[PDB]
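Contents: one structure, followed by commentary.
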Amino acid sequence: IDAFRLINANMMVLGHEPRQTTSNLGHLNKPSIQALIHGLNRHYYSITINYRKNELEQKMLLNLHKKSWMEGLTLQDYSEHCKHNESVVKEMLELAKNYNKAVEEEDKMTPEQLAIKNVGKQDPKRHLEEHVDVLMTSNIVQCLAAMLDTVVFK
Amino acid sequence: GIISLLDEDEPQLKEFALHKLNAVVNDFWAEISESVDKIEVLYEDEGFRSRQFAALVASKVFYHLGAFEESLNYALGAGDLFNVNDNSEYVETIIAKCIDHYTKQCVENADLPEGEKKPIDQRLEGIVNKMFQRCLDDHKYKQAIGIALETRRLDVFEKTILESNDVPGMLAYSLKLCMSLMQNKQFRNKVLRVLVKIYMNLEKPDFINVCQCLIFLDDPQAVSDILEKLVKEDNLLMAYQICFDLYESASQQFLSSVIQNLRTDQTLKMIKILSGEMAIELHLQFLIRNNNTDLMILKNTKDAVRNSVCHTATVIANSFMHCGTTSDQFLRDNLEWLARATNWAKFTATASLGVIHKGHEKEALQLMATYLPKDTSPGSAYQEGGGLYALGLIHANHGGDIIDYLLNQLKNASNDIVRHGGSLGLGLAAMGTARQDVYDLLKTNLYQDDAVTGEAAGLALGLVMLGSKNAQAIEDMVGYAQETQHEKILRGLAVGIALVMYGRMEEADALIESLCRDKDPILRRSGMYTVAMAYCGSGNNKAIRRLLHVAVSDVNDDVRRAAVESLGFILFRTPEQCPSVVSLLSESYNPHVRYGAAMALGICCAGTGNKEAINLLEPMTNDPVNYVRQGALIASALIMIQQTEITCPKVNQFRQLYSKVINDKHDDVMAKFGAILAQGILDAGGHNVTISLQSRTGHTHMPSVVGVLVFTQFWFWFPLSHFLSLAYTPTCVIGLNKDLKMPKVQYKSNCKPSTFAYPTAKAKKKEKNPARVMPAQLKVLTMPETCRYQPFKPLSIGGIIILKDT
Amino acid sequence: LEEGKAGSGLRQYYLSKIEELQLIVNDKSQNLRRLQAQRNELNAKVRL
Amino acid sequence: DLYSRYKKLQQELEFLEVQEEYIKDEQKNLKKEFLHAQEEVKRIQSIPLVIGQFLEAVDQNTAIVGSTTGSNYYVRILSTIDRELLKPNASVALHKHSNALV
């Protein structure tokens, strides 16, 4: 967003530098907002903005966009993760295990080279983590498939 | 495998078996392991007279197997033949297990508190006092009082204090050891209350122990009991000490309680000592005679004339160093700077009028007639609001009819401009007095529905209810926070419901849970100041659970700042550990955490000369952000308070760094505000006085802590910088002998004159206007040997003490 | 004293062994302070 | 005294212990915030990004580049990749607004 307020040109007599209780003022100036914007700090000045609650609506609208990363209904999308559920999610595991072969065949070339150059070139290549997340999808494998014992039986 | 002999019936083979055990068991220590179940045949048989020694050897194999509490159980069933013989090392282990289990069983039974208590065997407590005969016969008081603290019981401990010889005063500093390691106040005061009684039964009376209980046990009837015994004893000269310790180091309601039961010569004396008027007049004479100031720095800040934030800057800085002088030349020396004042500037301008006039209760009202809160209606009206604010800064703690003089003016003139500093004057003057009508007339005043007056009635209602832990007051403050649209009434009531609870420890945690669990950031910050004032003086980790948790996972930097600032409030008793635990916490990415942590290290170690805090504050003033350098300037002036160049080398380095950044226009106005502010801190009271949050007696100073915690954030409310004047306490040696009469006495100090420099053979001091002194120079000084007037009480710290004519 | 001052050698040793433990664990925080400040300055780098 | 100070030495020990679990949980949450910051810098920026005509790297963390509109620039380069793939001569995609070296 942004904020602007026109200072009075009739104030050239008196001083141009209020206010008092500088709390929101000195905190509003930062970043100092570039140059061309604060080039307007002459003849203009910004104003502070705070979000008032209204917590109930802010909380529901919070969960409204949380439907993206959580789930659509908080049920559907990860029951859609129970729809696919390894399907056709092993195809991306085959590409992940192709990322296993690809990335880790050049990861086994790294520690030998570390012994040649003696040692860290800073580095590391990163070439770290990664498929640990694939194993977190394996936690989706074990959990949601363990739900089958609850689904199938009664 | 000698245990196989037990299969035969007659017991004589068992006695011969244990006769084989106790000798060759060195290699057989592990042999009896599997056969312990066969040893149980002897241990469970009552008709076997040697089952005792059977439990001895069973305790030996369990000693080799690593079993401890099991060896203690068999030690109980080992009869008399166990405790009689101690050789090699079997002792230190079993007595460690016995004393441990015993003291934690006593602590277990101490929380009941009474009834249903678990059974205690006579043998395990038998080896308590029996092995304690080693402590009684060898005449070791350090270990004797050690186990006496372990047992958590008042009977055997009453025998430890009853042991022969002396131990003349050693119970005093032993309670200092107790209170240092003390956990809770449950059994603390119960052990303390009997020690002052055994000092009354002792032949030599000592008032420092009843002084320790006066500031620790802190009960209203006890001070009325001991002083009624002083009036019954016809005590005058030597009761002068404990009476001033009652005024100084005890709460206002404590003074109201002792005067209530007493009044139901010395009758006018108790009025003079409890009102503390003589202390104000001698402080006034001490400040006007001994004042050491430098106007050159005030002129270099004067002629700067920067239009931003400088309004409060110079006036609050010179109001600190000049506090109590009444001589003010400021409006004469600086004029055009004061003509630049506008909006809240004239508030602070006339508010400094009360900071520098602090004390001087008599003429403070009529001497301001020129600067009186006019109310000539070319409206400056923050002016006339700050005038009553100035009258409230002087009238804090005790007071007089001027309180009602401000109350009538609150019901008169205009609104809400009067309520700003006026209601602050009404609440600050009634602080700690538990005033009633103020709670009512502030409710109908709270309903006038304005914003800037929000902090006014909030801090006022929080000060009058301080320590009262009332119900309907917090209920109405939390009930008015809904329909109001202002955040200043939320912050004023935040500190208001925070200030009402002081030293509550776990008693306030019921409300602290609700304030912290709530999603309101202002109410969370309210619970931070509330848990700070309740845990002030205590290093318990129950506070640091939620206090530090909201200092971690919270997304709002401001309340997180107030969260890390409470480390200075609660931990101020142990300032040394704060630089170590907050070391990295000043390296955080956001300047808010680096700021509040810098204030934490500043206010916590302020009473100490530790160089580690100054070392960690060195990169703080180098940080790119402005206000973190500012807080680094204020906190660095808090660590150097009264400390000259001989204390730490960074004094003059920071002093020149202050005038440098304020005379440098390139630096930010924010960051340079704490520079001139630091010049006021370091020079506060003309260097004669400083801030003290911890008295020598061991009790925390309420108006200094309350003063600095409301002083924490000066940005939201500029006049909050004036509240730090309450935190200033005089440091001086008062040679008053008694009453009005002033003797002429000079005594010697062993320190070099380099320590006496305040920018050898004997020091030259009053002779009580008293003379300033450093807390580090109080131990080296000695009472005059050849002078006619010599103190009857050993001289250690400064202040006002008895001086006896010899 | 055997209760005692010779026993305090064992008592204080428990807090000495836990001192060395807590000291070892204190360093466990200290180097992760260097790593915390590392990625904290790197957080100042992504802010920069 | 001996037992006194012995009971005084576990205070700061337990205080440092609660500081351990504290700073552990602290740098655990701040770590996830740094992972969130990694999601920011990897999201930054564009998509769509204008590629431009690169000349040389002048010194540490910065370099000079012409755009595809042919004007030499001076920009502090993207932090995580300083050199290895930048090379003397390439075509570097420049930030939408800033024309930053990425």
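Please indicate, with yes or no, whether at least one residue in region B:480-495 is in contact with a helix residue (DSSP H, G or I) (Cβ under 9 Å, 6 or more places away or on another chain), within 14 Å of chain D (Cβ to nearest Cβ) and farther than 21 Å from B:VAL708 by Cα. No. Filtering region D:60-99 to residues that are over 25 Å from A:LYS125 (Cβ atoms) and exposed (fewer than 14 other Cβ atoms within 10 Å of the Cβ) leaves D:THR68, D:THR69, D:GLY70, D:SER71, D:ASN72, D:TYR74, D:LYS96, D:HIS97, D:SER98.
Taking D:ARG83, is it farther than 30 Å from B:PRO575 by Cα, assigned to a strand (DSSP E or B), out of contact with any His (no Cβ under 8 Å at 6 or more places or on another chain) and basic (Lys, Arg)?
no
Residues in region A:43-66 that are among the basic types (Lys, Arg) and surrounded by 10 or more Cβ atoms within 10 Å (Cβ to Cβ) were compared, and the one that is farthest from the other protein chains (Cβ to nearest Cβ) is A:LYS66. One residue is enough: does region B:348-360 have a residue meeting the conditions more than 30 Å from the chain's Cα centre (by Cα), within 14 Å of chain A (Cβ to nearest Cβ) and either closer than 18 Å to B:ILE297 by Cβ or outside any loop (DSSP other than H, G, I, E, B) (or both)? Taking every residue of region B:348-360 in turn, at least one turns out to be more than 30 Å from the chain's Cα centre (by Cα), within 14 Å of chain A (Cβ to nearest Cβ) and either closer than 18 Å to B:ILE297 by Cβ or outside any loop (DSSP other than H, G, I, E, B) (or both).
Out of all the residues in region B:754-776, which are more than 11 Å from B:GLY735 (Cβ to Cβ) and crowded, with 17+ Cβ neighbours inside 10 Å?
Residues satisfying the conditions are B:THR755, B:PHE756, B:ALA763, B:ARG772, B:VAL773, B:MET774, B:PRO775.
Looking only at region C:6-25, count how many residues are at the interface with chain B (Cβ under 9 Å from one of its Cβ atoms) and either surrounded by 17 or more Cβ atoms within 10 Å (Cβ to Cβ) or not in a helix (DSSP H, G or I) (or both). Count: 3. Might you let me know whether region B:649-665 holds any residue that is under 27 Å from the mean Cα position of the chain (by Cα) and more than 14 Å from chain C (Cβ to nearest Cβ)? Yes, there is a match, as at least one residue in region B:649-665 is under 27 Å from the mean Cα position of the chain (by Cα) and more than 14 Å from chain C (Cβ to nearest Cβ). Among the conditions (1) within 14 Å of chain B (Cβ to nearest Cβ); (2) part of a loop (DSSP other than H, G, I, E, B), D:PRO88 misses just one, which is (1). Each residue in region B:141-158 was checked for being more than 9 Å from chain D (Cβ to nearest Cβ) and either among the charged types (D, E, K, R) or crowded, with 21+ Cβ neighbours inside 10 Å (or both), and 6 pass. If you go through region B:554-591 and keep only what is of a type in the set (A, V, I, L, M), farther than 15 Å from B:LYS519 by Cα and either more than 14 Å from chain C (Cβ to nearest Cβ) or in contact with a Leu (Cβ under 8 Å, 6 or more places away or on another chain) (or both), you end up with B:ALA562, B:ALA563, B:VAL564, B:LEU567, B:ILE570, B:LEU571, B:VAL581, B:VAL582.
Within region C:33-48, being within 22 Å of D:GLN19 (Cβ to Cβ) and at the interface with chain B (Cβ under 9 Å from one of its Cβ atoms) holds for C:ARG33, C:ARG34, C:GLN36, C:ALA37, C:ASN40, C:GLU41, C:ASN43. Tallying residues that are among the small types (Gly, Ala, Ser), surrounded by 19 or more Cβ atoms within 10 Å (Cβ to Cβ) and part of a loop (DSSP other than H, G, I, E, B) within region B:291-340 yields 1.
One residue stands out in region B:543-553 among those that are of a type outside the set (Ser, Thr, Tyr) and within 10 Å of chain D (Cβ to nearest Cβ): the one that is surrounded by the most Cβ atoms within 10 Å (Cβ to Cβ), namely B:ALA551. Residues that are under 35 Å from the mean Cα position of the chain (by Cα) and within 14 Å of chain A (Cβ to nearest Cβ) within region B:317-345 comprise B:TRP344, B:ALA345, listed in sequence order.
Applying the condition of being part of a helix (DSSP H, G or I) and of a type in the set (A, V, I, L, M) to region B:592-607 and asking which residue is surrounded by the fewest Cβ atoms within 10 Å (Cβ to Cβ) yields B:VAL593. Only a single criterion out of (1) closer than 30 Å to C:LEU42 by Cα; (2) of a type in the set (S, T, N, Q); (3) surrounded by fewer than 24 Cβ atoms within 10 Å (Cβ to Cβ) is not satisfied by B:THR574, namely (1).
For region B:57-69, indicate whether the set of residues that are away from chain C (no Cβ under 14 Å), surrounded by 18 or more Cβ atoms within 10 Å (Cβ to Cβ), on the phi < 0 side of the Ramachandran plot and part of a loop (DSSP other than H, G, I, E, B) is non-empty. Checked against the condition, which is being away from chain C (no Cβ under 14 Å), surrounded by 18 or more Cβ atoms within 10 Å (Cβ to Cβ), on the phi < 0 side of the Ramachandran plot and part of a loop (DSSP other than H, G, I, E, B), region B:57-69 yields no hits at all. Screening B:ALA430, B:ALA471, B:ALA481, B:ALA457 for residues that are surrounded by fewer than 16 Cβ atoms within 10 Å (Cβ to Cβ) and either hydrophobic (A, V, I, L, M, F, W, C) or under 28 Å from the mean Cα position of the chain (by Cα) (or both) leaves exactly one candidate, B:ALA471.
Name the single residue that is nearest to the chain's Cα centre (by Cα) among those in region D:37-58 being part of a loop (DSSP other than H, G, I, E, B) and within 14 Å of chain C (Cβ to nearest Cβ).
If we filter region D:37-58 for residues that are part of a loop (DSSP other than H, G, I, E, B), which is where we start, we get D:44-49.
The next check asks that each one be within 14 Å of chain C (Cβ to nearest Cβ); those that pass are D:44-45.
Details: D:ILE44: 12, D:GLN45: 14 Å.
Only one residue fits best here, namely D:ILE44.
Taken as a whole, region B:92-104 holds no residue that is among the basic types (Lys, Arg), more than 14 Å from chain C (Cβ to nearest Cβ) and more than 29 Å from C:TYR14 (Cβ to Cβ). Taking residues in region B:656-674 that are surrounded by 20 or more Cβ atoms within 10 Å (Cβ to Cβ), and partners anywhere that are among the aromatic types (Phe, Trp, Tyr) and in a helix (DSSP H, G or I), the pairs with Cβ atoms closer than 9 Å and at least 6 places apart or on different chains are B:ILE662/B:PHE673; B:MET670/B:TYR627; B:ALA671/B:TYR627; B:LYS672/B:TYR658; B:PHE673/B:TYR627; B:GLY674/B:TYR627; B:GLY674/B:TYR658. Going residue by residue through region A:26-36, is there one that turns out to be within 14 Å of chain B (Cβ to nearest Cβ), aliphatic (A, V, I, L, M) and farther than 28 Å from D:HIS97 by Cβ? No. Out of region B:194-218, which residues are under 18 Å from B:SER256 (Cβ atoms) and either exposed (fewer than 15 other Cβ atoms within 10 Å of the Cβ) or of a type in the set (A, V, I, L, M, F, W, C) (or both)? Passing the criteria: B:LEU214, B:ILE215, B:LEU217. Among the residues of region D:1-36, the ones that are farther than 30 Å from C:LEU10 by Cβ and within 8 Å of another protein chain (Cβ to nearest Cβ) come to 11 in all. Can you confirm whether A:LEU144 is more than 30 Å from D:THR80 (Cα to Cα), surrounded by 11 or more Cβ atoms within 10 Å (Cβ to Cβ) and out of contact with any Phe, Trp or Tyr (no Cβ under 8 Å at 6 or more places or on another chain)? When the stated conditions are applied, A:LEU144 passes them. Would region A:67-87 turn up any residue that is out of contact with any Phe, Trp or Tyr (no Cβ under 6 Å at 6 or more places or on another chain), of a type outside the set (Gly, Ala, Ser) and within 14 Å of another protein chain (Cβ to nearest Cβ)? Looking for residues that are out of contact with any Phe, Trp or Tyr (no Cβ under 6 Å at 6 or more places or on another chain), of a type outside the set (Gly, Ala, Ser) and within 14 Å of another protein chain (Cβ to nearest Cβ), one finds at least one in region A:67-87, hence yes.
Virtual Cβ from ideal backbone geometry, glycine too; neighbours counted across all protein chains shown. Read-outs throughout are calculated quantities, based only on the coordinates presented, and are distinct from any laboratory measurement.
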